[PDB]
Each structure stands twice: as structure tokens, then as C-alpha cells.
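What follows is a set of notes on a single structure, which appears directly below.
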Amino acid sequence: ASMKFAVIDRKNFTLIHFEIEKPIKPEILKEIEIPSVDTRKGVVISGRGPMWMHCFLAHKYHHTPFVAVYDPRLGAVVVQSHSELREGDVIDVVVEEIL
Amino acid sequence: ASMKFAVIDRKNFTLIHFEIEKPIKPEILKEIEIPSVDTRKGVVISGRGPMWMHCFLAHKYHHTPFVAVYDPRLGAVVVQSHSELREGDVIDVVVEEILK
């Protein structure tokens with residue numbers, strides 16, 4: 001039960017948001033079931049969690065056109081791409097959680 | 001000028017420490033010049049920075065045997081590997097930073 005993912009498909013990318021419920025150990029990277037996605041599109045990843053969670057997930061979608069990582073102050077920052085965008089580009093995205 | 005790297009070699013991996021000094025924009029990922037390393041060995045990355053910096057760096061060493069990311073509470077957590085360790089393994093290394 002210890003993490004939830006929410007997946008949202010957009011014309012140009014799939015947003016993947018993760019939420020940690022119980023506290024977690026790094027073993028969990030062996031077990032966790034990653035959401036599958038249209039790989040013809042790039043991917044944006046968000047969530048509060050340790051950096052290792054973000055890195056792990058980013059690597060897992062490295063075959064997609066691009067992977068970007070959400071920053072509350074900025075939007076989604078592209079950290080690697082095969083095609084559509086360049087490392088360091090920013091996709092204009094805002095994520096909000098019910099208050 | 002706005003980021004420094006330090007490299008420390010070990011038998012089984014190369015530690016890469018980064019430090020941000022001025023605040024930075026994501027454009028910087030286009031300019032950054034990454035330290036080169038013995039690629040026969042995996043790599044450990046440590047440094048305070050936004051998630052995107054960590055991810056960026058981790059991708060850049062993806063040809064090495066493994067990439068692990070340092071967590072003060074835990075050690076260095078493997079987040080991808082081609083060869084020596086498994087995702088989620090923890091290298092038991094203690095890193096300490098000094099004011100100077």
C-alpha cells in the first residue's frame with residue numbers, strides 16, 4: 001500500500017505523480033510497479049520524495065522522447081531527451097494538491 | 001563559475017560531489033561540462049540541489065556499471081545499473097562535508 005501513482009495523459013506528454021503513504025526504504029525500488037505509458041510521448045515526473053525516487057523513475061522512462069522533472073518554482077525541467085526538447089528546457093506546468 | 005565539482009576515486013566507484021554557489025537556472029544544463037571518470041567503475045553522486053540537477057547528472061553517467069545517489073540518512077542508493085549492483089541496493093559509504 002506504500003505508494004500511489006496518478007497518471008494523466010496530455011497531447012504532448014504523460015504526467016506521472018507519485019505519493020508516498022508509509023515511509024519507505026530503498027529496497028522498494030526492487031518491488032515497485034511503474035505505470036506504463038505511451039512511449040511515443042515524453043514524460044513528466046512529480047512528487048515529494050527522496051532524490052533517489054525521482055532519479056529511479058526518470059531512468060525508467062528514458063526510452064521516451066524526453067523526461068522532465070517537476071520543480072514547484074519552475075515547471076517541469078527536461079533532464080534528458082531523445083527527441084522533442086532539449087536538456088534544460090522547461091515545460092510550463094503547474095501541479096496543485098487539494099488544500 | 002556557478003558550480004563546482006570535486007572527484008574522488010575509490011576501488012569500486014568514483015564519487016562526484018557537486019556544489020552550487022550562485023543560484024542557477026535550468027538553462028545551465030545546456031552548458032554544464034561533466035567530469036569524466038573511469039567508466040569501468042560505477043559512480044556515486046552527492047550534492048545539495050534541485051531534483052532536476054540530480055536526475056540530470058545521474059543520466060549522464062548511465063554508461064557506467066551503476067549510478068547511486070547519496071542520501072545522508074542511508075548511504076548511496078543505486079538507482080540504475082548495468083552490471084555490479086541492483087537497483088535499490090545501498091552502498092555503505094559515509095560522506096561528510098566540512099565548512100572550511
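Residues in the C-alpha cells are numbered from 1 in each chain, the chains being A, B, ... in the order shown, and ligands are numbered from 1 in the order shown.
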
Please report, as CSV, each residue of chain B lying at most 6 Å from chain A, together with the nearest pair of atoms and the separation in Å rounded to one decimal; use only C-alpha atoms, and order rows by chain and ascending residue number.
residue,atom,partner,partner_atom,distance
B:26,CA,A:88,CA,4.9
B:27,CA,A:88,CA,5.0
B:29,CA,A:88,CA,5.0
B:51,CA,A:51,CA,5.9
B:52,CA,A:69,CA,5.8
B:55,CA,A:55,CA,4.9
B:56,CA,A:79,CA,4.9
B:79,CA,A:56,CA,4.8
B:88,CA,A:26,CA,4.9

Can you write just those residues out, N, CA and C atoms, as a PDB file, in the first residue's frame?
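What ended up in selection_28.pdb:
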ATOM      1  N   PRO B  26      17.623  26.405 -15.017  1.00  0.00           N
ATOM      2  CA  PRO B  26      17.729  25.175 -15.790  1.00  0.00           C
ATOM      3  C   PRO B  26      18.464  25.288 -17.128  1.00  0.00           C
ATOM      4  N   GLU B  27      18.622  26.492 -17.669  1.00  0.00           N
ATOM      5  CA  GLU B  27      19.421  26.662 -18.864  1.00  0.00           C
ATOM      6  C   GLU B  27      20.796  26.089 -18.576  1.00  0.00           C
ATOM      7  N   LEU B  29      21.898  23.414 -17.582  1.00  0.00           N
ATOM      8  CA  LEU B  29      22.078  22.052 -18.057  1.00  0.00           C
ATOM      9  C   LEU B  29      22.590  21.968 -19.497  1.00  0.00           C
ATOM     10  N   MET B  51      15.898  18.511  -7.583  1.00  0.00           N
ATOM     11  CA  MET B  51      15.807  17.145  -8.091  1.00  0.00           C
ATOM     12  C   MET B  51      16.287  17.043  -9.488  1.00  0.00           C
ATOM     13  N   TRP B  52      16.087  18.084 -10.256  1.00  0.00           N
ATOM     14  CA  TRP B  52      16.439  18.009 -11.651  1.00  0.00           C
ATOM     15  C   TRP B  52      17.919  17.956 -11.882  1.00  0.00           C
ATOM     16  N   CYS B  55      18.833  14.216 -11.116  1.00  0.00           N
ATOM     17  CA  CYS B  55      18.459  13.405 -12.243  1.00  0.00           C
ATOM     18  C   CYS B  55      19.357  13.612 -13.498  1.00  0.00           C
ATOM     19  N   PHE B  56      19.637  14.856 -13.786  1.00  0.00           N
ATOM     20  CA  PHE B  56      20.421  15.161 -14.944  1.00  0.00           C
ATOM     21  C   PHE B  56      21.739  14.452 -14.825  1.00  0.00           C
ATOM     22  N   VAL B  79      20.324   3.641  -8.293  1.00  0.00           N
ATOM     23  CA  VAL B  79      19.089   3.986  -8.995  1.00  0.00           C
ATOM     24  C   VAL B  79      19.056   3.500 -10.413  1.00  0.00           C
ATOM     25  N   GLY B  88      18.271  -0.061  -5.981  1.00  0.00           N
ATOM     26  CA  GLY B  88      17.802  -0.050  -4.618  1.00  0.00           C
ATOM     27  C   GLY B  88      18.763  -0.588  -3.600  1.00  0.00           C
TER      28      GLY B  88
END

Please give the complete set of residues from chain B that DSSP, run on the backbone, assigns to alpha helix (DSSP H), formatted as a ChimeraX atom specification. /B:28-31,51-60

Neighbours of residue 7 (chain A) within 7 Å (only C-alpha atoms; same-chain residues fewer than 2 positions away dropped), as a PyMOL selection string? chain A and resi 5+9+14-17

Please save C-alpha atoms of the selected residues as an mmCIF file, in the first residue's frame.
data_model
loop_
_atom_site.group_PDB
_atom_site.id
_atom_site.type_symbol
_atom_site.label_atom_id
_atom_site.label_comp_id
_atom_site.auth_asym_id
_atom_site.auth_seq_id
_atom_site.Cartn_x
_atom_site.Cartn_y
_atom_site.Cartn_z
ATOM 1 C CA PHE A 5 0.738 6.956 -8.658
ATOM 2 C CA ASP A 9 -2.232 11.845 -20.403
ATOM 3 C CA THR A 14 2.230 11.905 -19.755
ATOM 4 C CA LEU A 15 2.364 13.245 -16.210
ATOM 5 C CA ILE A 16 3.288 10.860 -13.524
ATOM 6 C CA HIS A 17 2.780 11.941 -9.952
#

Show me, as a ChimeraX atom specification, the residues that have an atom within 12 Å of residue 91 (chain B) when counting only C-alpha atoms, minus same-chain residues fewer than 6 positions from it. /A:26 /B:12-13,15,42-45,66-72,74-79,84-85

Go ahead and write the residues just picked, C-alpha atoms, as a compact mmCIF listing (two decimals), in the first residue's frame.
# COMPACT_ATOMS: atom_id res chain seq x y z
CA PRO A 26 15.33 1.91 -0.86
CA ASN B 12 34.88 0.34 -6.58
CA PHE B 13 33.49 3.68 -7.62
CA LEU B 15 32.44 9.86 -6.09
CA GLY B 42 30.25 2.91 -11.15
CA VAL B 43 29.62 6.33 -9.77
CA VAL B 44 28.26 7.91 -6.63
CA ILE B 45 26.77 11.40 -6.79
CA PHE B 66 25.89 1.81 -11.83
CA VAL B 67 24.80 5.11 -10.56
CA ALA B 68 23.98 5.76 -6.98
CA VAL B 69 22.80 8.80 -5.30
CA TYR B 70 23.93 9.79 -1.82
CA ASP B 71 21.41 10.10 1.00
CA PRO B 72 22.73 11.30 4.35
CA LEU B 74 21.20 5.96 4.30
CA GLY B 75 24.30 5.84 2.17
CA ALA B 76 24.43 5.78 -1.60
CA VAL B 77 21.35 4.35 -3.24
CA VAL B 78 21.64 2.61 -6.57
CA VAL B 79 19.09 3.99 -9.00
CA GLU B 84 27.52 -4.66 -10.46
CA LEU B 85 24.73 -3.92 -8.06

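Near residue 97 (chain A), within a cut-off of 12 Å and counting only C-alpha atoms, sit the residues residues 6, 17, 18, 19, 46, 47, 48 and 72 of chain A, with same-chain residues fewer than 5 positions away left out.
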
Could you tell me how far CA of residue 28 (chain B) lies from CA of residue 40 (chain B), in Å and to one decimal? 27.8 Å

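Distances to residue 20 (chain B) were evaluated for B:2, B:64, B:46, B:81 using only C-alpha atoms, and the minimum falls at B:2.
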
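CA of residue 36 (chain B) to CA of residue 75 (chain A) spans 29.7 Å [interatomic distance, one decimal].
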